[PDB]
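J.: The structure under discussion is supplied below as structure tokens; questions concerning it will follow.
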Ligand SMILES: Nc1ncnc2c1ncn2[C@@H]1O[C@H](COP(=O)(O)OP(=O)(O)OP(=O)(O)O)[C@@H](O)[C@H]1O
Ligand SMILES: Nc1ncnc2c1ncn2[C@@H]1O[C@H](COP(=O)(O)OP(=O)(O)OP(=O)(O)O)[C@@H](O)[C@H]1O
Ligand SMILES: Nc1ncnc2c1ncn2[C@@H]1O[C@H](COP(=O)(O)OP(=O)(O)OP(=O)(O)O)[C@@H](O)[C@H]1O
Ligand SMILES: [K+]
Ligand SMILES: [K+]
Ligand SMILES: [K+]
Ligand SMILES: [Mg+2]
Ligand SMILES: [Mg+2]
Ligand SMILES: [Mg+2]
């Protein structure tokens, strides 16, 4: 409806490339062991100091809307890489800038940018196949410590404490990061669990920093049926809220009108309540529900056997937890106030059920329930002098945790950008169908050298010479930019998760190759 | 006396470097066989298209006076290289920019830039000594053709015609360049003379294109003594007024009172007249005077023997020339209208004088006089379609002539910037006296790679990789950027004059190392 | 000196292409039999209506200096085509625009525009050779009338009167164009003379419309020797001052003081005088001076035989002419007041001298002198109702005369742009040395279709379809754009001079391929 400005061809592509180049130039200074930090002014308080690429990317918006379009596209690259992998956002940003620049350079009258994008996608699929060929699984805790050390900008203490938390809890166990009042980082093992169901409505977020709902010493209400009716929730609301404590409502399916009343009580008067869907798709749902009620000290409502209704609720039928953390994709409970003897009885019942199962699939669920109820969770308190140092270290510790989980689930490859450098001969064996696919393959081939060049450039040396010497060396030799010398990467611990590398490459390639197909750009005229 | 703006330290150096970088970025696009051209708008008509570095440097002035200071200093580098060598101005410009940038980067509180300049000078002296050690004298006309071909941006026709002109006339003979009316270039051999005395007053310049006085079918007046009195020039100026041919007055020392009269008659009514000092010191001066008089048909006035006064001049005692060209440092006569028999008698007299002398010093003067009478003068007429193409081609022809004469004088070294690349181990063997001299030596060492990197960069390849592969290769192997491959440069003809390389390096180094000593910049406030 | 603005690469090239495109779009509307006219506002009086391409080109200057540079370069193309051939300036303009656009489109990082220019020159040489093979000489006066009709925008009356003037006077004879007081054009045969020597000083121009010096009923002074002394010109100038007829001074060589006095008298008080160099080299010069002194009724001064000095001049020793027209390169006398018996005696003497010559070179000079004395001068009086119509028609008549003389000199080819279309297979049989020469050859190959496409576009039809059907037809078939149908071009008389076509192509190609080598543009900042 509003008036629009329309730009065509080379001028529009140059303006979007200027926006892409500005955002990527800001992001790229943080890459590698010799990367620097970015200070972002916050509107409410102290400025934020970060080395995290997606944090820098999300904080940059440009007044020129043509440049802002390219900035938003590179921001999409960084955000998608952060959501899918939790690391490698700087790598994804510089790869996206490289693909966008080399694709913009190749636009001519006879060129077909859609087929160039098809060649880019084919080359990226070939590189991802080569990366999966080069990947090896993580077998030792030393590799875990090395991955967490590299991902935390070379901090050996973070790698050691993450390796210790993974040894004490498990490789698939849950580890969380929260603020510490001391100067040094500390690791504690406490009671709790995490399940992979997020919140149902986005109106319960009272902490806008992490988009999560955080309550302490809250009631948790369990039910086998869907907690729906007004005569089921309103007396429950009165009993739970009116006991000077918050409320957590775990149910099967919650969609309609009662949560709108919950949102009305949250926004107008300030009801501290949260509602989460229950996990499971069968009898495992009921088993985890009973385990929840035993661990929190609460009771199952609307069950088939006892038939306890939500119309008659008593305060002794509600579980008490020391903390509840609800995010978009998962929620978790800390320090339930349930009886220890009942938890031990349920654990022994789980042991007996494991002793009488051989289906090789219910054993997995029973072992998961036993690990959820037995070994506890890991909490990392990040020390530091001030809030800015603590937040920067939180960013690095979260990066290290995400990269360590990715390395556990999908293995490791050579770090320092050498893994992408070793996939160039896989591109050399490709036969393009036409000239535009050859252009796209060559774009990806010249893009694959960019992360190692950026890492070497941030170290103050010439990146092209370093990359050439890496390619002329054997397959195990790369460049330690911190020590500034050519070493065996595996024995020096400079390794990357395979998932992070392939996620960054795919997320950069899709958006940047889509961007290079543009001929016309339409913007609103500024008012 | 006007108001001034004063800037200190890093901001002033950054603005000066911005001006230096702007001028050097404009100049550097013309370097090498794949360099491009610069179009400069002319106020009086058609724009000029040039590949010549000093023309681009002279054509750029900046409104910001802090940037304009650095622009003027780099312009001084280019102009000094053009005056001293006639070639290599683009190389001097990029070397000066490199030295200025690395010197500005290395300035700290404890740094002493004067001692850094001392270390720069010591390193440049070492590199020039290595260049003299690496030089090879020119022995074959094929080397002459190769030098003239390389200096003329690679076309073999200019190199061949310059080689033919130097075969017909001689290695030390005089060759001139002027406009041609045909499409193709052509070489002619006509009879004439050249001596190394320029004009005495700058008011005789009629052609502002080359700051030279050009007359055709002109009178030549000769005298052994100084043409001094007013009554010595009143018959001469009366004959010039009464015979309609421009007057060339060659004398010993001309100053003060009647040169001012010639200026007055040139500016008010427009008398075509020029005054040149006589060449030689002693009997050689009067011998050359008699040679000029008998070659042009004129007579020597005020001589010791005949005692012919300047008060009584007859029209048959004045020489006639088909052309006279008077530049700042030399003068030339072409097509003297003298008797052939008298010239032949003078030539046989010179031969007989040589036959009875063995002094081995004035034998050189006698051979010079015989060459001036008998060897000939080459004229290159540059063909083309328009004035812009003709001027652009004459730039390269003049560059090739200057480089060929320099190669005759001082020999040849490897082209493509490889000669400077082979002087890096000479810097590696130096022991600096202190830290600042070490800084200057490292500045020169990193500067020595700049010309080859610029040549490779203009060829569309990565200059650092090319320079690394050259340095890892044998001493005879360099990079042909025209063919894009690594070749033996002597047998492929890619060679440079030694004088051009050392002149460009010295002229860049002195000015740029003086520039890097600055802390305070004082400019006038614009009105 | 003054502050400069420097632009790099694609933006500067786009700005100069905008200037080239604007000037060529203005010029191209006048092309062909259905071209339209351009009105140019004049500062002093009525606007000028023209179909002439170089007149439109020289009248356009742009405030944007970057666009004005390309405008000046295309103006140089048009001016060089007008000077060398006198026709085909619109064709040269559109060819130059085509070459500039296609060369600007083909510039990339790896492209070498200098070698592209070399390929352009090689392709243009091949096309010019093919045009010379395709050319045929003019044999019949019907071909003369057809050429003059085509060049005068289809005006058969102009072609007929030019053919009649060439039948009465000769194909190599002299024909002049001036204003007429009637409505229709007239042809008058007078007795007069023309030689190929222009004025010595450019200060003698009185009519700024055509840069020519025109006097009526003028004195003519001749001298075998150079008119040298002030004592030689003072009797002549006192006669020309007293006896009051404009003074034509024919001399051997004039460069000095008396011409400065002539210029001073021209500028201050207004002495209507002209000075022209003497034609010929040797005894032919003396014969011509005696011939024309007798033909004008004057006398030869300073001769070897009679020895008549320039100090004693009488009014009966000077010739009288009805008109004198002195341009930059040639001069003419009309209606010399000589004795008929003396001219007849000299003509019979020339016949007697022809009867005793067999060297086949002095016979040519004697026949030329006989044709000068007895052939006659044709004068075309151009009719019209007003000055603007007369000026437009005189532009067309001058174009027709230039094209007719070019067709006499070098023959004819097919008109309508078909001659350039038939040279495409000559480019198809070319093997380029590298990729850049291939790019230049392709540029010239696509450019060769532009004139016929422009002619068809001005006719209101689709040019590409017409050019495709011409190329698919036989070699003698072209497109009559006036009749709008495909005909035999020779049979219908749609023919062009070969010299005009090759001159336009060469003049466009040299400047436009030089322009496509630009990377940096330096302009003056406007004040
Ligand atoms: N000592 C080292 N030598 C060489 N490369 C190293 C070294 N330490 C880390 N790297 C490399 O640096 C890269 C990680 O850099 P960084 O963490 O700053 O960026 P990112 O993972 O792309 O983004 P972000 O952490 O901002 O989400 C990896 O490729 C890793 O292999
Ligand atoms: N085919 C080639 N391969 C490699 N280097 C080459 C080749 N041809 C020329 N060169 C190098 O290019 C340089 C000359 O470039 P150019 O003439 O443009 O600049 P310049 O001599 O520094 O300055 P200017 O000519 O503007 O006064 C020399 O170093 C020469 O060795
Ligand atoms: N009837 C016709 N059919 C086709 N082509 C024609 C016809 N008459 C003329 N032409 C062509 O038109 C062109 C002449 O156009 P025009 O005279 O307007 O331009 P020009 O010669 O390039 O420039 P200018 O006359 O302005 O100096 C020639 O190529 C000629 O062959
Ligand atoms: K980073
Ligand atoms: K150059
Ligand atoms: K026209
Ligand atoms: Mg990281
Ligand atoms: Mg040069
Ligand atoms: Mg015409």
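The count begins at 1 with the first shown residue.
Determined via electron microscopy, 2.2 Å.
Cβ coordinates are placed from backbone N, Cα and C, and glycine is handled just like the others.
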J.: Among B:337, B:445, B:499, which is annotated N6-acetyllysine in Swiss-Prot?
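T.: Going through B:337, B:445, B:499 one by one, Swiss-Prot annotates B:445 as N6-acetyllysine.
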J.: B:51, B:87, B:88, B:89, B:90, B:91, B:416 bind ATP according to Swiss-Prot; which of B:330, B:339, B:496 goes with them?
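T.: Only hit among B:330, B:339, B:496 in Swiss-Prot's ATP site, alongside B:51, B:87, B:88, B:89, B:90, B:91, B:416: B:496.
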J.: Tell me which residue from B:328, B:381 Swiss-Prot records as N6-acetyllysine.
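T.: Matching B:328, B:381 against Swiss-Prot annotations yields B:328.
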J.: Just to confirm what the record says: which one of B:58, B:72, B:469, B:492 has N6-acetyllysine annotated in Swiss-Prot?
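T.: Of the listed residues, Swiss-Prot records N6-acetyllysine for B:58.
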J.: Run through B:43, B:151, B:208, B:229 and tell me the one Swiss-Prot describes as phosphoserine.
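T.: Record lookup in Swiss-Prot returns phosphoserine for B:43.
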J.: Look up B:65, B:133, B:178, B:345 in Swiss-Prot and give me whichever carries the note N6-acetyllysine.
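T.: Record annotation (Swiss-Prot, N6-acetyllysine): B:178.
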J.: I'd like to know which of the recorded positions listed (B:51, B:87, B:106, B:457, B:496) lie near ligand 8, counting only a CB under 6 Å away.
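T.: Among the recorded positions listed, those whose Cβ sits under 6 Å from ligand 8 are B:87.
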J.: Report the same-chain neighbours of residue B:89 (ATP binding site): residues 6+ apart in sequence with Cβ closer than 8 Å to its Cβ, ordered by sequence.
T.: B:27, B:52, B:53, B:54, B:57, B:78, B:81, B:82, B:504
J.: Less than 8 Å, Cβ to Cβ, versus chain C; work out which of the recorded positions B:63, B:87, B:167, B:226, B:386, B:457 satisfy that and list them by sequence.
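T.: The recorded positions close to chain C are B:63, B:386.
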J.: Among all protein chains shown, how many Cβ atoms are found within 10 Å of the Cβ of residue B:386 (phosphoserine), not counting that one?
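T.: Summing over all protein chains shown, residue B:386 (phosphoserine) has 20 other Cβ atoms within 10 Å.
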J.: What Cα-Cα separation, expressed in whole Å, is found between residue B:43 (phosphoserine) and residue B:226 (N6-acetyllysine)?
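T.: Cα-Cα, rounded: 43 Å.
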J.: What subset of the recorded positions B:63, B:88, B:90, B:109, B:416 lies within 10 angstroms of residue B:457 (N6-succinyllysine), using C-alpha positions?
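T.: The recorded positions passing the 10 Å Cα test: none.
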J.: With residue B:386 (phosphoserine) as the reference Cα, tell me which of the recorded positions B:63, B:88, B:226, B:496 is the closest one.
T.: B:88
J.: List nothing but the one residue from B:88, B:416 whose Cβ has the fewest other Cβ atoms within 10 Å; the candidates are the binding-site residues.
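T.: Output over binding-site residues B:88, B:416: least Cβ neighbours within 10 Å is B:416.
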J.: Checking the recorded positions B:87, B:91, B:496, B:527: which ones have Cβ within under 6 Å of ligand 2?
T.: B:87, B:91, B:496
J.: Give the helix, strand or coil assignment DSSP yields for residue B:88 (ATP binding site).
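T.: Going by the DSSP assignment, residue B:88 (ATP binding site) belongs to neither helix nor strand, so it counts as coil.
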J.: Compute the C-alpha separation of residue B:106 (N6-acetyllysine) from residue B:90 (ATP binding site), stating it in Å without decimals.
T.: 25
J.: Measuring Cα to Cα, how many Å separate residue B:527 (SUMO2 cross-link) from residue B:51 (ATP binding site)?
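T.: With the alpha carbons as reference points, the distance is 35 Å.
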J.: Tell me which recorded positions (B:66, B:87, B:89, B:91, B:212) have a Cβ under 6 A from ligand 5; sequence order is fine.
T.: none
J.: Could you check which of the binding-site residues B:51, B:91, B:496 is the closest Cα neighbour of residue B:66 (phosphotyrosine)?
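T.: Of all the candidates listed, B:91 is nearest in space.
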